[PDB]
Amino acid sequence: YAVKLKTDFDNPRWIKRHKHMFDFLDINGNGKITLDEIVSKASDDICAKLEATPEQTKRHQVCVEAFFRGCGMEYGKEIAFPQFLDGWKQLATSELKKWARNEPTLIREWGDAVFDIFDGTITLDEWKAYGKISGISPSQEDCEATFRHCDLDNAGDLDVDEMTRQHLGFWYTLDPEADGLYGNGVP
């Protein structure tokens, strides 16, 4: 499968995918999120529960900051969904230009940081833990779906190169080959 490179930013399914994620981040239901909250979730919550080392936590935070700044987030800046989505259009565009130049993307680099906390492969049990800890996929069945969906290595583990290809399609281009990456956890 060739990763779908053309964007599809007006497709209701792409909007819905990010609306789901925004509302997931908007825990207090007030329609706005900040980079502060995202970084706290990354560092104070996820990395702590994963027992990341201090250096791994810091690297992961740099990647989360860069990723979400790429969608227009900033500390102290309260962003609502329409502006957030507009930021994702910009991030996707930028990321696809990097991909075309064979320059590591911000989604790759975030992946590298996540994978390194799990020791560039992750096992299904590690993915299940991530799903619960990050909250993106707390159903272990949806995590099993991710592994069924992806092309796995010879051990049945997931590699960051494959997850990055999947994430380009899932988060940026609405690639049909990426549908179902998170099972039913994320539409």
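For every residue, the number given is its place in the sequence shown, counted from 1.
According to the entry, the deposited sequence runs straight from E55 to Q56 with no unmodelled residues in between. Averaged over Cα atoms, the B-factor as recorded in the entry is higher for 47 to 55 than for the other of 149 to 157 and 47 to 55. Of the two segments examined, 97 to 105 and 77 to 85, it is 97 to 105 that shows the higher average Cα temperature factor in the deposited entry. Per the PDB record, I27 has a higher Cα B-factor than any other of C143, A42, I27, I136.
Sort the modelled residues of the chain by CA B factor and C71 lands in the highest third.
The entry lists a Cα temperature factor for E162 that places it in the lowest third of the chain's modelled residues. Among all modelled residues in this chain, the alpha-carbon of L5 has a temperature factor (C-alpha) in the middle third. When the modelled residues of the chain are ordered by C-alpha B-factor, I117 sits in the highest third.
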